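The structure appears below as structure tokens.
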Amino acid sequence: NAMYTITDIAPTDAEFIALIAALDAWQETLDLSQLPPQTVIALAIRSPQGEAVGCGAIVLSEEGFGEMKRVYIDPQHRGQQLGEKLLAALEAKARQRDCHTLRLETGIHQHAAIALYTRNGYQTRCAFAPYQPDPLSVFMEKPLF
């Protein structure tokens, strides 16, 4: 089963905020709403009930880079390739916006995410604006076409 659904979401949607809040509550083991809205791609994965169950986002720069962030899948829906489904969907949207390279930063603690990106062609790299090699952070990127 990946007969879940993918749809746009407002980063200001209560459902988005809830996934994000859960993401941040876990990382303990705001910012997306402010930005110019053209510059943000944000998506959700929904159960067949219609419950937002995962999400993620890409912030696009004017030189064709995109930064991937705020990716999370609710724990009860893991084990069945949703990260994959979502990731591909964010990439597809980034291409339609001429984005040529996706990069991301996550903590070294985030093993599931890190492996998901690796399984799909992201490769480790150095710090990029606006981060300074906080190590440990892990920076990754992938050429899209």
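Numbering starts fresh at 1 for the residues of each chain in the structure tokens, the chains themselves are lettered A, B, ... in the order given, and ligands are numbered from 1 as they appear.
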List the neighbours of residue 82 in chain A out to 9 Å using only C-alpha atoms; skip same-chain residues closer than 5 positions along the sequence, and give me the result as an MDAnalysis selection string. chainID A and resid 2 4 45 54 73 77 87
Residue set, chain A restricted to alpha helix (DSSP H), as a ChimeraX atom specification: /A:14-26,82-95,111-119
So, with only C-alpha atoms as the atoms that count, which of A:114, A:92, A:23, A:6 lies closest to residue 51 in chain A? A:6
So the first atom is CA of residue 28 in chain A and the second is CA of residue 59 in chain A; what is the distance between them in Å, to one decimal place?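 According to the coordinates, CA of residue 28 in chain A and CA of residue 59 in chain A are separated by 23.5 Å.
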Work out how far apart CA of residue 145 in chain A and CA of residue 100 in chain A are and give it in Å to one decimal.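 Taking CA of residue 145 in chain A as the start and CA of residue 100 in chain A as the end point, the length is 5.3 Å.
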